[PDB]
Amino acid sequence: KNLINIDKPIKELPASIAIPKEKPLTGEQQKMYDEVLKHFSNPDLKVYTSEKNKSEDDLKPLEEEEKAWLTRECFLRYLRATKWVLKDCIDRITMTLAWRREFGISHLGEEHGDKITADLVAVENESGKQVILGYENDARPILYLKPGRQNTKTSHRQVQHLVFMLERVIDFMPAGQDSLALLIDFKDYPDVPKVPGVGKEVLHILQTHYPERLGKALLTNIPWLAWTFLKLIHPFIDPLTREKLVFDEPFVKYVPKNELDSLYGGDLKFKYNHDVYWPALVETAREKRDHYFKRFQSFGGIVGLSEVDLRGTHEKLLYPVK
C-alpha cells in the first residue's frame, strides 16, 4: 500500500531534510542591516497604531511581543524585498507593525491578547480548504490551498482566516528557514456543499505585509482555460518569479514522497477531519510560539534576535546581537 494514514500536522522537520545554508551578508549589506537594527532598538521609538488609520497624533512604543517579531531575519526579509533601500525598508517594517496592530495579531498569539483567535476563524477551515502539512525539499513548511472546497460566503472573516493560517504556517518554520511552500489545487470539489472588497484587502496584505515568504508555489488541477492563459503570459514573467512557480511537473521532484499528499503523487493518505486536525494544528503552533517566546525572554527580550536561536534548543547564541 505504501500509503501512510495521517490526520494531523507533522510537528517537526524530519532529520532527513537538510536546512539550506544561508549566504553571508556583504560589507554594505551588513552596514545597512545595522542601521535597521539601530532604528528599531531605540528605546524611545513610537510607531503608528494603525495602517488604514495611521496618525502622527497616535504613536505607541514597541510591546514585548513586537520586539520578539522584530528579528534578524525579519529585518533581512524586508531589506531584500525593498532592494536594500534603507528608507523604504524602515517604512515598510513600520507599516506592517501598524497593520498587525490594527488587524488584531500584534501579540504573537491569542494567549497574549490577539483579537484573531482560533475560535473566531475555525469555522472557515471546517471543509479543509486550507491545510498545513509536511515540509518540502528545502525544509519549507507546506500550506495547501483548495479553493474548490470553499464552505463560507464572502466576509472579512475569510481574510482573518487566511491571515491566521499564514501566521500558523510561519509558526511551523523549522529553525533556519523562513519561507513557505504553497500547493494550490484548483480542482472543483462537488462534495463540499456550495454556499448557501475582500479581494482587494487580501491583495494588499499579501503584497505589503509578508515579504520574502513565498519560497515555491506548486500549482495543480489548473482549469484548461486558465492553463492556456498562464502559458501565454509565462514567457513575460521576471526570472526570479518564474523560479517560484511550479506547474506541469511531478510534485515529488520538489517534495519528499513521505511529506506529500497522495492526491498529488505522495504517500500521505490525508483525510480532513476538523475535530481532529484543527485542535492539533492549534496546539502544535501554540507550543512552537511558547518556545519561541520563552527563548526570546531568556535572551534578554531584545530586538534583533535570530529566529535560528529562538526556534532552537542550543544554549549559546549563534547570532549574538550587536
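Each residue number is its position in the shown sequence, starting from 1.
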Is residue 79 unbuilt in at least a third of the other PDB entries compared? no
At least a third of the other compared entries: do they leave residue 246 without coordinates? no
Deposited residues lacking coordinates between residue 196 and residue 197 (none, 1 to 3, 4 to 9, 10 or more): 4 to 9
Comparing average C-alpha B factors as deposited, tell me which of 313-321 and 4-12 sits higher. 313-321
Where do the C-alpha atoms have the higher mean temperature factor in this entry, in 143-151 or in 94-102? 143-151
Sorting 129, 216, 72, 87 by Cα temperature factor from the record, which one lands on top? 87
If I read the C-alpha B-factors straight from the PDB entry, which of 57, 283, 51, 66 is highest? 57
Which third of the chain does residue 200 land in by C-alpha B-factor: lowest, middle or highest? middle
In terms of the chain's CA B-factor thirds, is residue 301 lowest, middle or highest? middle
Comparing residue 252 with the other modelled residues of its chain, is its CA B-factor in the lowest, middle or highest third? highest
Where does residue 121 sit by CA temperature factor within its chain: lowest, middle or highest third? middle
Ranking the modelled residues of this chain by C-alpha B-factor as given in the entry, is residue 177 in the lowest, middle or highest third? middle
